[PDB]
Amino acid sequence: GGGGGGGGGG
Amino acid sequence: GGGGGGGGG
Amino acid sequence: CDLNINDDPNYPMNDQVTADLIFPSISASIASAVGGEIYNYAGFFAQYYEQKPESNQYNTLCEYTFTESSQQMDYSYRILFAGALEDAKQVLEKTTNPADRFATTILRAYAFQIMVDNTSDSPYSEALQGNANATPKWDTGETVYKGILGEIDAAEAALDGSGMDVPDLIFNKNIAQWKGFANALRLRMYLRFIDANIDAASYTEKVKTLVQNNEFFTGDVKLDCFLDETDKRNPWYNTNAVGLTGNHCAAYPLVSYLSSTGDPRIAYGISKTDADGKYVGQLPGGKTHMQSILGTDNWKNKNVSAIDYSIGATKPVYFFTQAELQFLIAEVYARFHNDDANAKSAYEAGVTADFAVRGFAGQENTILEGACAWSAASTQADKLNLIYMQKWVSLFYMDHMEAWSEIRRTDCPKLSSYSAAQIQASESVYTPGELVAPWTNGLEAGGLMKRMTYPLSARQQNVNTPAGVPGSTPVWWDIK
Amino acid sequence: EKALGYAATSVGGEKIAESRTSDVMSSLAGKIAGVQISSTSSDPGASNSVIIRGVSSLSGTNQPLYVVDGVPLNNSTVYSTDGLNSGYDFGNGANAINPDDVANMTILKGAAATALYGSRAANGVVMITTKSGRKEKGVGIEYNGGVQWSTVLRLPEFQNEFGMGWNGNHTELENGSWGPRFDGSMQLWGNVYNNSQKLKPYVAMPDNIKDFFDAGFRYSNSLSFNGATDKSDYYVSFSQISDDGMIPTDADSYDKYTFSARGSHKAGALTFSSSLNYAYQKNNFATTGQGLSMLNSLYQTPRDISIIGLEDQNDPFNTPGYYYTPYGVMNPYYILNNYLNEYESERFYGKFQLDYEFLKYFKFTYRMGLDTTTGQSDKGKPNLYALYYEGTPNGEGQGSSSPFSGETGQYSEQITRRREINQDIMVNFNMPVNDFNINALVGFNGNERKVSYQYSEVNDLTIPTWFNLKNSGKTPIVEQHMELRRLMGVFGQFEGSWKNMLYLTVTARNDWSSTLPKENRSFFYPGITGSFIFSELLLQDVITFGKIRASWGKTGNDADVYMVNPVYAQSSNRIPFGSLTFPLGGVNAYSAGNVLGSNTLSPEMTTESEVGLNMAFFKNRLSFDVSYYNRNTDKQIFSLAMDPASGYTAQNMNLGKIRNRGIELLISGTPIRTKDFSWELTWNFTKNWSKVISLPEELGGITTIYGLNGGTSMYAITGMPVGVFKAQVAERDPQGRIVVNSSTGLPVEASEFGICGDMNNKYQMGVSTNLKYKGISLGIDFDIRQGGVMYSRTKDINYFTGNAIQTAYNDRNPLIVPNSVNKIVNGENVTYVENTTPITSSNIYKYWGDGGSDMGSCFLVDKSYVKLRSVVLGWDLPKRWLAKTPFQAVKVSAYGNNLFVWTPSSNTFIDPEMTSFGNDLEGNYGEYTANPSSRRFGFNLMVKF
Amino acid sequence: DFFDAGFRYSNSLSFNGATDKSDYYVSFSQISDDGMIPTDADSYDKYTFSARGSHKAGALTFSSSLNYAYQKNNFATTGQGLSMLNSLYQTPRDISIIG
Ligand SMILES: *[C@H](CCOC(=O)CCCCCCCCC)OC(=O)CCCCCCCCC
Ligand SMILES: [Ca+2]
Ligand SMILES: [Ca+2]
Ligand SMILES: [Ca+2]
Ligand SMILES: [Mg+2]
Ligand SMILES: [Mg+2]
């Protein structure tokens, strides 16, 4: 499926 | 005011 | 109640959409992928950049721990086939202008060249059929190359002298430059067959005939139309500098090589470390290991050299750089003719062409008279290594999908024999420029990335999609 | 009526309204069998979901048809189309009705006799009936004045063992808590400003997130004016609501205003009545998402850092350039004080009805409805780059990894215009013969629904803070959109009756829809229902009521607008986290649309079978209702997923059957009843079986409903329930043991994603009690929903950030995953070996971020909960105290809603009544750091004049 | 001869009644005009709906008036450019305009 997301800083 | 234009002939 | 109101007013009438209106989409669709996420992961596989210590977007590309369900190229798969390849099919239905059909066929051909160079097989003879065939079979990569080369051939033979009447954001209606684009594509795919040892007799002679005619392109084959705006930027910059934060840092093979040769191009797209002011690359897949070994505050973003995104906002998308075209010629002379002086000439021409694009025009001599001087390449293998290692530098920050594929065809840069951990422990065993198998390597078989996974959308919706195979599986034209 | 032959429930306004919720529907959460009512979030003004007997529409219209008097009501929802980065919800069309105006609400659950309201009725019908006229004593003025607070209900349970850091090492700048075990020693933290830095004891601050919230406050004022004669009646009302919720500043805002005027006058056989209503709302929302949003920034806090110590902006260390952490987040008080996401809406709806009785047994009725709405969004965010990038750590000091790149400002505005028109012409015939009774109804329906909007956006703001389309030196982005659909139908409904014992009904309707292919607009759907009251003409007097029920029938349906003909869109390309759109560069371009049209479509047909039993005993002191239903929605037109290699990514075609079967059970009684005291108990039980039956084979048996790219995704798969989840699980050897990586210790991903449960509750139920002692009332309702799963980014971010108590698992010492093997692969030889590799301290942060041995599936969370839904304490004052006063009645009332939630052991993170993806099917995917749910409690004064 | 005959049909309905304590009026009006310039570019649609009521009860009288008004307009733009009439007048006296 579509949408994507980032990760975080660390 | 604001402008108008001539015609042609 | 007029019920005859189911014509979507948000779109034009289908008659008013002629082939001049559809055609400009094709070059842009392709460049969205090839200069975008495909360019992005290919940069990792070709070991140009690595994952920044302080962010986490691309851990699984660098450590080779993605899988088929990671959809690492579904966006591009959809753009190339349901964006570009469909628009192209519509163009060839709507116009009969052989010049337009020639540019359309070239761009269509290039699209299949990119998909095959990622997943070997590709839908082709049954693609773009709609409800007539929701589940097209995936042709073998040899059938696809052989077919689209014949398409280019038959579309060129169709030219009648008339001109292009479609908006051309690539060459601006210059039919000579389009023929040069196709012969450079012929040259690229002929060398793939040759080093795949498949009808290598013909394609050796055909590549010989091709380089003799010198009917190639001038400048770079690119899409030069981007603005530092919004939805108008270079895809790789738009995604990786606006959509996300800075994730890319310089990788160790590229940095050690540009440092060894004294290359001033080491300043283009790479930035000195914010901590000591030198150039540092990160060993592929070794972000977490470097933090483990050195500690948290000693392997931060400041301790590694960051990929510069500032030259990126309006940077064009490249389909075939001139330096790479010269380097292929250089190869054809060096190992199919007996012409060391034409080889040296095309080699030097490529290095000169690239020094000029990256803004160091007039400095090429620092490698053409120093460490990468053709004079000091004794064997015909030390010459080929030199042509290939400079082809690799040349394609950094220009066309990463090709860099990955030329690494795979020619297997140069060589894969080092030492591990990431052995290189980190004692640098002297490492030959600068050689690839390093990732420190964390999700490939049960080890080694370097050989292909992309089949797109998950095809997997779920097309029963005739080949079964997933590990990243280590070579593409039909890589045989060592 | 209640000669009905299918499940229905009646509630009067007093129950609707006693809860003093702003909304007519949310009070009924868990109070009616087969009616799944849920709020999208605790944010003021947000939408309410209402699904009746499961999901039939695969995308994506499952709300019931709201019918008010009785004209269809617009129930359109306004929520963000990108829930991942800018999640917000601004309300749904039913939230506009003022509950104080409701006399009766009747929910028709079954879809076998829907000839009266048409296709939309297959999702069920919510028939509301508004109050009319008196005469009473004395002037006819009722005032309700309310006040209520909201506080935060459930935050994730945190670890308070380790503080700011990464890899288990100390840090001065992290957005997380993988540091050392708390010392009490004095360490540094935060950025450095003017050669100075903050220094604090390294201790835990367990209340830090809890202390960040305020108390929401809400004040309401409602008035009504009433009167009647023997030929006429007149009602006029006004309601006012102003909510500023628990998140600090005024970003949680909802102002509701309504005005209504309803009248009827009879002159002979003719009756003309009319209702006209205006609704206002102003929503402001604290935007959610994975970027620079408030809650995402808030969860990414070390356990030792004082959050409420960050609000003072005259403290340089809190200014955006010197904020203590530069990792993809910002000072939450900055985001709330400097971002914008406002909505203002104006809405007019009403009806006109002309009744005329003629020739003893006939009655002509013309009824016409109009509902129109103008809504206007305004969102903006500052040019963070211009203001704070140069010269600060967070900053130029971060380079390309600064949260200010490329945050150059943005401002958009959109004006939506909605409009629906409904017209009914009917003729009724009602005549008794020899104990029989005949009631015929012949009618015509005409429907017209229209929506349009105008969007316009500018980026890269010249003056950093000003939000205006003039404030940019770059190209503006404009978009325009409009849809229009029409429907006409003719219908008939035959009611047969024998001696108030045997009731029979036959319904038939043919529709002509604009959204079906021109050669196939017409669809016909009949129905039949029966009711047999064996109470009457069965002695005792033990059985108050005994009625048996049965129904079989069909409801047809059309498709969404513009699904038949192919279109060409303005060329654009969707790339990860961006777009490339035409024009380029000076050229405009068109592209072939990715959704294949179809002119072979046929209509949708829902068929339902239902049988039911209703009995009362001991003069209604014991009463139960049981329904058994079998629902099949067939040929639903849907944009079905397709291989992009075909040239399109979807094809519109008629789907297979989506089946909903189950049981609806209600039991109530009054175990104690004296003159001054009564005690009632109510128990209702729903169990629904959901199953997609087939999805067209030719395109696969699977299709996405919502889902992240390479992440957890919710599907509709052929032989499985609606809303199947797939997510990454770890690899196992043939003998059950977990495969891990020889060198890192971390789990190894399996080849394919694993199925991980569905969206559906396995059962739902509620239990109520109601005490009345003289003037005092008490009501206590419990909502109980068990089973299913939902994606939770709140668990995601708290695992990743090292803040959830689970991540303190092994005292964070190096550990070998229990039962771990290594997969020894040589070419084609597979061998497994006991794993010797520990996960090092430095890598434990990543073990939990990925979701431990569970990997991605770890973040599918159990949907189950028991909830103290509402408690209402009412005191009706004795009529004697009001005599030398102007007052006819006075009732003080204390109440509380969403008061306490109980979840299984495994969910210590969210109130499962949460989404970021709207109030229908796609919302069931999960919550994407939706704002915390709240606990609400207040007072209400009622004053009759 | 270039001009047509504009056409307009109108429909107005009112509903009325009262008692000694109450009065109630409801009305609807529709107008559709297509003027004398040829084609439908000179058009006006007008719809109104109104409900007016009052109720007396004791010293207290409450009353309300609510109205909805719709219009759609199409204008044959005028002016010194490529407008209909400016084109119409700059016609030689020997040219058949209906041709
Ligand atoms: C949209 C739906 C399409 O259906 C119709 O055309 C309605 C026709 C029936 C008119 C009934 C008149 C009853 C007379 C007592 O409908 C519309 O867009 C509205 C068009 C105009 C209707 C005006 C209604 C006047 C009522 C006083
Ligand atoms: Ca607030
Ligand atoms: Ca412990
Ligand atoms: Ca006219
Ligand atoms: Mg397309
Ligand atoms: Mg190879």
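Residues numbered from 1 in each chain as written, not as in the entry; some residues may be left out. Chains lettered and ligands numbered in written order. Part of a larger assembly, values for the part shown. Heavy atoms only, no water. Residues with missing side-chain atoms left out of burial classes, pairs and counts.

By the method listed in its record, X-ray crystallography, this PDB entry was determined to a resolution of 2.750 Å.

### Focus: the overall build of chain C
A count of helices and strands for chain C gives 19 helices and 6 strands. For chain C, whose C-alpha radius of gyration is 23 Å, the value lies close to the compact-globule estimate of 23 Å for 480 residues. Taken along the three principal axes of its C-alpha coordinates, chain C extends 75 × 60 × 40 Å. Burial statistics for chain C: of 480 residues in total, 64% are counted as buried. For chain C, restricting intrachain contacts to residue pairs at least 6 apart in sequence, the fraction spanning at least 24 positions comes to 75%. Of note, chain C has its 37 positive side-chain charges centred 4 Å away from the centre of its 57 negative side-chain charges. (Helix = DSSP H or I, 4+ residues; strand = E, 2+ residues; numbered from the N terminus. Rg over C-alpha atoms; globule rule 2.2 N^0.38 Å. Buried < 20%, exposed > 50% of the residue type's maximum accessible area, 1.4 Å probe, protein only. Contact = heavy atoms within 4.5 Å. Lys, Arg positive; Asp, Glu negative; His and termini not counted. Charge placed at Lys NZ, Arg CZ, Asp CG, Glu CD.)

### Topic: the packing of aromatic side chains
For the structure shown, the criterion picks out 93 aromatic pairs over all chains. Their ring planes at 65° and their centres at 6.4 Å tell us that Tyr257(C) and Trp392(C) sit as a pair that is edge-to-face. Of the two residues, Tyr257(C) sits in helix α11 (residues 252–260) while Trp392(C) sits in helix α16 (residues 380–394), which places them 135 residues apart along the sequence. A ring pair is formed by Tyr799(D) and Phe909(D), whose centres lie 6.1 Å apart and whose planes are at 80°; its orientation type is edge-to-face. (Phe/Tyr/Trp six-rings, centres within 6.5 Å; stacked < 30°, edge-to-face > 60°.)

### Topic: the coordination of the calcium ion (ligand 4)
Distances from the calcium ion (ligand 4) to its protein donors, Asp34(E) (OD), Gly35(E) (O), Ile37(E) (O), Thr39(E) (O), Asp42(E) (OD) and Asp42(E) (OD), fall within 2.2 to 2.7 Å. Considering all 6 donor atoms around the calcium ion (ligand 4), the spread of angles at the metal, 51 to 168°, places the coordination shape in the irregular class. (Donors = N, O, S within 2.8 Å, 3.2 Å for Na, K, Ca; no water. Tetrahedral: all angles 85-135°; square planar, octahedral: opposite > 155°, others 65-115°.)

### Some points on the site of ligand 1
By nearness alone, every residue bordering ligand 1 is listed as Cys1(C), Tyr366(D), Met368(D), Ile421(D), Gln423(D), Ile425(D), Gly446(D), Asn447(D), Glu448(D) and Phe28(E). With respect to ligand 1, the chains having nearby residues are chains C, D and E. Contact with the protein chains removes 64% of the 660 Å² of surface that ligand 1 exposes when unbound. Mapped onto the shell around ligand 1, the elements with two or more residues apiece are β19 (362–381), β20 (410–433) and β21 (436–459) of chain D. Considering only residue class, the shell around ligand 1 consists of 6 nonpolar, 3 polar and 1 charged. (Near = heavy atom within 4 Å. Areas by Shrake-Rupley, 256 points an atom, 1.4 Å probe, with all protein chains shown as cover. Nonpolar A, V, L, I, M, F, W, Y, C, P; charged D, E, K, R; others polar.)

### Digging into the UniProt feature "binding site: Mg(2+) 2" (unreviewed entry) in chain C
What UniProt calls "binding site: Mg(2+) 2" (unreviewed entry) maps, in this numbering, to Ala82(C) and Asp87(C). Turning to its location among the elements, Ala82(C) is positioned in helix α5 (residues 74–94). Since its relative accessible area comes to 0%, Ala82(C) is described here as buried. Those residues within four positions of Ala82(C) in sequence are excluded, and the remaining contacts are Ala592(D), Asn594(D), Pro644(D), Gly647(D), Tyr648(D) and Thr649(D). Along the chain, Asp87(C) turns up in helix α5. Taking relative accessible area as the criterion, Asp87(C) reaches 0% and is therefore assigned buried. Filtering out sequence-adjacent residues up to four positions away, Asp87(C) remains in contact with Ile22(C), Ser25(C), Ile26(C), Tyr590(D), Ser591(D) and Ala592(D). (UniProt positions renumbered as here; feature names shortened; annotations may be inferred.)

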